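The chain that follows stands alone, in the form deposited in one PDB entry, written as structure tokens.
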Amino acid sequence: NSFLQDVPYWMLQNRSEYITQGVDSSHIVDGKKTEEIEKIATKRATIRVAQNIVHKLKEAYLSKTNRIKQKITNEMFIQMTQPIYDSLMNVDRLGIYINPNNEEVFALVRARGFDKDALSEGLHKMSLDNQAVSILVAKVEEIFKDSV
């Protein structure tokens, strides 16, 4: 009953709770080279960090210390994923890992920052009031500074 070998520690962890760090995979599409399945896995991972940020935001919203009075529907929160992803910058691929069982590529990624203008603008197009946007931007702002 031999166990897998050469398995990075980050794979044994729940990185998605660093919020700015996301892990995701991609099955090896046949017609593609490993290098490309890594591209796909990396995008997914960075999208994941976006979702991580949204999940953190949705948490604070549903928190009892939430100051946002506008109603933000579950669907809206999913919408936020896009503007947030759009604003991410300086995203490093910290690692890759391929599981032998099914040849699936995993990628560890970290977004080092985001454009405040970009996020703000994006959130505004989404139909949140000024107060909400200010608070939301203020929060992903803290999520990032508090991530170092």
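The first residue of the shown sequence is 1; numbering continues from there. Each form is matched to the other, and the largest set of C-alpha atoms that superpose within 1.5 Å is called the rigid core.
Note that the form deposited in another entry isn't included here; everything after this is about it.
Once both forms are overlaid on the rigid core, the distance between the two CA positions of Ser16 between the shown form and the other one is 2 angstroms or more.
When two forms of a protein are overlaid on their rigid core, residues whose CA moves 2 Å or more are considered shifted, and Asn90 is not one of them between the shown form and the other one. Put the two forms on the same core and the Cα of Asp117 is off by less than 2 Å between the shown form and the other one.
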